[PDB]
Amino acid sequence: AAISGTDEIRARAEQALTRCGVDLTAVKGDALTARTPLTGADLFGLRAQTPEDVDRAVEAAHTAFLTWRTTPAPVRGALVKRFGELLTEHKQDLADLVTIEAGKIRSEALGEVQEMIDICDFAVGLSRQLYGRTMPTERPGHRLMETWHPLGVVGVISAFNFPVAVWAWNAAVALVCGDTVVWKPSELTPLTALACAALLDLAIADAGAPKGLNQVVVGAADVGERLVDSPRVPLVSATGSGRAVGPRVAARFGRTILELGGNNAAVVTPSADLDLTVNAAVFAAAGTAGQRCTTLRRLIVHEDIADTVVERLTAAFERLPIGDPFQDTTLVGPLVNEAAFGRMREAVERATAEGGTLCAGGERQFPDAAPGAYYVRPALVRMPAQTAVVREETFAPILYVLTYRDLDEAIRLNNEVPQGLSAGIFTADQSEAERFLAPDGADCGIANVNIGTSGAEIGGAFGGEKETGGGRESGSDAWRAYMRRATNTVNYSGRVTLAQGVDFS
């Protein structure tokens, strides 16, 4: 197979970075390295921040916050509007960096950048809303209201698999809420973050906004830990497959938004439109090479249609074009690294050991074409029961197929796992669709009808329940997590209730 060479990838990365305003000589170094899953090779070395630099960055962000929090929110929205314009102008440059570092095909990388633009649009509108309330008070000659105020520095921890959209959800909303941002991107995807920050620094300069509104800290795990532990960071937002962030921030009386992984199922009922269901399940299971927190990993199929659903999924998986994510023909690019491939192969072998049958895929493709990179065909595994390996999230394209008879059994099977991010049901039956969404239905934070588990849009709150961590980001009123509520009682009567009737004047 034809896979881009590491040198050609490095040239495309340097072009994209320079077009987005990154000063290559300023960010290059020998402390860390940028890399690409397309070949598995290092691209070039980078400077690093120390933990001491993290503290300096947090304090500079707090200084900016002291000015930004009294900057009128519609003015803060005008900065985010300028940034959305730069993102639109550089959409393909940023998408190229997403493909290079996350291994996403062109269409998915462009779609991820489009999420950034969409949430910028949403946040500009929010900058004239951020609604609190006015309400009656029981006290004569008083007034009562609830207001929302900027919180402080927001620490953003993102993962390799959505290296730009997750930060954009957090930064666009946080900035219009009067917060500032310190971003710790994945050690696997620093270049996407450098390009994003450079475009925002240009927006900031054009707007005359404070220079410290957003900063990227490049480093390994000690860098992230220092961010998480800062007493100057009242909110930490951590997305990706992290589990220690919650307790450690709680211990210093901080706030967290946590979205920590998913093990997402779809139910296929006897009345399901099978052409629709197969197409939707293929994208949900195989998109991003199965490396979304929202990836479809469990398919719960009614026994009357199980055999035909497996036959059609087997053929679909066998026809998936795997290859270089820069080629328009490709639908499946590589896994992120060798450790991900190892975990996938161990899960598939555990599954057959636990009684399962591998129906399609699972094999490494053209290993000699790019020996450092791991391209795999998505695996389809039929399972007699929801055993230990099925209940574990493996960050790889593995779709386990379980059968059911009663709808309540399908719901129990969906709910049995420790995670709780997203769920779907495919059905033409009005009653089954409502029962799946009812309070005793699927227990996840996202629950869909005739749609798979992935590909949310910006207008809804995004996040999940149980061990997914409970946070919400992006749409609806998820913005409230980035501000503090105040309840204000205002007395204009000139008097106060006298305790026991006694006047001490």
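Quick note: we count residues from 1 along the sequence shown, nothing fancier.
- When the other compared entries with both flanking residues are checked, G356 is modelled in all of them, not unmodelled in a third.
- Among other compared entries that model residues flanking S241, a third or more give it no coordinates.
- Coordinates are lacking for 1 to 3 deposited residues between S241 and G242.
- When the C-alpha B-factors of 183-191 and 326-334 are averaged, 326-334 comes out higher.
- Higher average CA B factor: 354-362, of the stretches 248-256 and 354-362.
- In this entry, the residue among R345, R143, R133, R76 with the greatest C-alpha B factor is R345.
- As recorded in the PDB entry, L24 shows the highest C-alpha B-factor of the residues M483, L24, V490, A486.
- When the modelled residues of the chain are ordered by C-alpha B-factor, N450 sits in the lowest third.
- In the deposited entry, the Cα temperature factor of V309 sits in the top third of values across the chain's modelled residues.
- In the PDB entry, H149 places in the lowest third of its chain by CA B-factor.
- Annotation for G420: C-alpha temperature factor in the middle third relative to the rest of the modelled chain, per the entry.
- For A64, the recorded CA temperature factor ranks within the lowest third of the chain's modelled residues.
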